[PDB]
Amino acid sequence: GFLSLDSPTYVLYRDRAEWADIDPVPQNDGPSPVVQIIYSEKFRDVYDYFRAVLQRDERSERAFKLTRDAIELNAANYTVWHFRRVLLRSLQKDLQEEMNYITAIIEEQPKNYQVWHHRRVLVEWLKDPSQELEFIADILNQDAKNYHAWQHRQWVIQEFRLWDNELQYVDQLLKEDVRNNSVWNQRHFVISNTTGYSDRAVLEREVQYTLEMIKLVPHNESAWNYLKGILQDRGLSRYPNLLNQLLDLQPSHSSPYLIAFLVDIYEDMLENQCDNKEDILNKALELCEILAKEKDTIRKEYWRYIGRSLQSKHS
């Protein structure tokens, strides 16, 4: 019998008969309280009673129902969440009903840490990941960048080995918003944990896919960071055609990302004994000044450092 904390007929615990035996334990804030919260009547009521059942380690069905109210009053109280998991095991509660519960609270507080960790503990206990990818997709449908949702998704996929359809899901979300960096991250997570980027066809597929995206939305930093990320491995200079291919978007799709990418390719050519070293150095130093002075001034101190550093190296 869950009398909702929001129920118009909700009554304070101290006014409840089935609780009349127990004496509520108030909070010990000391004689000279600091950062002391002037709790509401309800909050203060539920917690004084929570303290009482916890202090006597009373593992009852009534205590279990109470933690729910204390969680709803403050979902970040990890001590309450802990005692709740204690009661889930002692009382041998139906963990599937608890999944329904945690599904509801997460929808309400998708950015709370405790709610997600609890769901994880439930999935571990039941060794059942069947509802996970779908539940998470519903959270990401509301906020496609929820960090906890993405973390949970990554944990479920790696733990239960659910890799088969993730690249497709990633393609789906990239269509919705090609600027969703969380999705570019998921793309790399899936690939690196399945085929890897050493497979030349995959690498080629990924570099071409990314280049088409850069063509469509040239100022999307994610696509640029992903391009640099997957090639940076072997070294950007290892790919001779790339420089030319980017130098071609120089007039058309030319953002300060293309410029910065060119200095990156240059930095690596210099480090890898490239031909035309003096020539290459000047180009890279020219771009560092255009960036520092004109195209990307917010990063002036960074680009100057790159300038200095580059001279100091290949002078």
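Don't overthink the numbering: it's just position in the shown sequence, from 1.
Q: On mean C-alpha B-factor from the PDB entry, just flag whether 212 to 220 or 128 to 136 is the higher one.
A: Per the PDB record, 212 to 220.
Q: Identify the stretch, either 42 to 50 or 280 to 288, whose C-alpha atoms have the larger mean B-factor according to the entry.
A: Mean CA B-factor is higher for 280 to 288.
Q: Would you mind checking which of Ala70, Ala63, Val263, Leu247 has the top Cα temperature factor in the PDB entry?
A: Answer, based on the entry's C-alpha B-factors: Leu247.
Q: Comparing recorded Cα B-factors across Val80, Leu242, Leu167, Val183, which one is largest?
A: Highest C-alpha B-factor among the listed residues goes to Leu242.
Q: Which third, lowest, middle or highest, does the C-alpha temperature factor of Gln232 belong to within its own chain?
A: Within its chain, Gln232 is a highest-third residue by C-alpha B-factor, going by the deposited values.
Q: Is the Cα B-factor recorded for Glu97 in the lowest, middle or highest third of its chain?
A: Middle third - that is where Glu97 ends up once the chain's C-alpha B-factors are sorted.
Q: Please say which third, lowest, middle or highest, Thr103 falls into when its CA temperature factor is compared across its chain.
A: As the PDB entry reports it, the C-alpha B-factor of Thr103 lands in the lowest third of its chain.
Q: Within this chain's modelled residues, let me know which third the CA B factor of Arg200 belongs to: lowest, middle or highest.
A: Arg200: CA B-factor falls in the highest third of its chain.
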